[PDB]
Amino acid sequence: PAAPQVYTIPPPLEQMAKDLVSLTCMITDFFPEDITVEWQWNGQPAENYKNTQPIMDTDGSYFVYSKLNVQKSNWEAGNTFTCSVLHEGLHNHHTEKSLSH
C-alpha cells in the first residue's frame, strides 16, 4: 500500500474578510481507496466538516479533500485544529497534522 501524504492548509487571504473561514486538509498519493478522515478542535471532536469521496489520480493513486468551517474569531483566537487520518499504509494506521493561527 502507499501511505497518504497529509498537508494542512490555512484560509485563503481573500477569505479573511468573511465571518466564517475554511481550513483544508489535502490528502494525496495513497492506495487503496479505503480511508477515514476526521477533524479535532483543541483535542476534542469537531463536527462542521465534510470529506469528498476518494478520486483516482492520473497515476492510479487516490486523493481526498476535507474542509472544516470555523468562525473567523475562533481561528484568530489561536485555537488548535487537527486533521486525523486512518489508512492501512501508515505507521500503525494513523497520523495527525495540526494547524494554528
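Note that residue numbering begins at 1 and tracks the sequence as displayed.
Visitor: Look up the CA B-factors in the entry and say which stretch, 12-20 or 79-87, has the higher mean.
Guide: Stretch with the greater average CA B-factor: 12-20.
Visitor: Check the entry's C-alpha temperature factors for 23-31 and 48-56, then say which stretch has the higher mean.
Guide: Result: 48-56.
Visitor: According to the PDB entry, is the CA B factor of residue 66 in the bottom, middle or top third of its chain, that is, lowest, middle or highest?
Guide: As the PDB entry reports it, the C-alpha B-factor of residue 66 lands in the lowest third of its chain.
Visitor: Sorting the chain's CA B-factors, does residue 99 end up in the lowest, middle or highest third?
Guide: According to the entry, residue 99 has a C-alpha B-factor in the chain's highest third.
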